[PDB]
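Just below is one structure, and these are the notes that go with it.
No value in this document is a laboratory result; all are computed from the given coordinates. Neighbour counts run over all protein chains shown; Cβ positions are idealised from the backbone, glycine included.
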Amino acid sequence: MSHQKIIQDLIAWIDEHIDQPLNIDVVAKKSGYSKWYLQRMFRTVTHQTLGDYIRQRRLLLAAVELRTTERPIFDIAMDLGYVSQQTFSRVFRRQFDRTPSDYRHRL
DNA sequence: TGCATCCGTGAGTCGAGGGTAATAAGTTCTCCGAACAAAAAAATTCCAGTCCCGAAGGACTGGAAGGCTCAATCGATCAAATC
């Protein structure tokens, strides 16, 4: 099996258990690889970060789960990768130049 | 015209048990023919013997293709704090 098939399955791996408390080290058990072999191969194809990749969409899916539902932000930290809200809001201001609170108020 | 003659008829099945018996010659003499014999094929059963893409199979050569340790240094995790 060539390597361009695996990252097609690696992105067919991730988007189904984002509401789960998921990490990179369980991907390496499911893909059988080591913990380090995931992060070299993503740069030949995407030229982005795969360590922050599973952390990017826990903003992007909390950009619709907070947006559609009436969920408050202090349960997003304990499940979607963090421990407190003071770090979750900072990753948003580097990505899309916004704060989480005034992200919904903009119709 | 009888009178005298004769042909052609008569319920249906189960059965229950099988078929007799009379007297009747001899001689030689001789071709028509049998099955056993006893060969003479011809037909099969047997037995090794050369050919040929495959025949269980090993190896080879060849490009491809592979797993996970570290370490300067990035970025962000953690956790007191703080508007």
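For region A:57-107, what class follows from the C-alpha gyration tensor (a ≥ b ≥ c being the square roots of its eigenvalues): rounded when a/c is under 1.5, otherwise prolate if a/b is larger than b/c, else oblate? The partial results should precede the final answer.
Working: a/c = 1.68, a/b = 1.14, b/c = 1.47.
Since a/c reaches 1.5 but b/c is at least a/b, the shape of region A:57-107 is classed as oblate.
For n ≥ 4 DSSP H runs only, could you compute -39500 (n - 2.57) per run for chain A, divide by its residues and tell me the 222 nm figure to the nearest 500? Mind dumping the intermediate values first?
Details: 8 runs with 62 residues, N = 107.
Result for chain A: -15500 deg cm²/dmol, rounded to the nearest 500.
With contacts defined as alpha carbon pairs under 8 Å and 6 or more residues apart, what's the relative contact order of region A:26-107 in percent? Before the final figure, lay out each step's value.
On the way: 37 pairs, mean separation 11.6, N = 82.
Once normalised by length, the contact order is 14 percent.
Can you list which of the trypsin sites (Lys or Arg not before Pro) found in region A:1-89 are DSSP loop residues with at most 16 other C-beta atoms within 10 Å?
Numbers: sites: A:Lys5, A:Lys29, A:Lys30, A:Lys35, A:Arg40, A:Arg43, A:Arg55, A:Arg57, A:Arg58, A:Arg67; in loops: A:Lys35.
The qualifying sites are A:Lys35.
Over its Cα atoms, what ratio of radius of gyration to 2.2 N^0.38 Å does chain A give? Mind dumping the intermediate values first?
Numbers: Rg = 15.4 Å, N = 107, 2.2 N^0.38 = 13.0 Å.
Compactness ratio reported: 1.19.
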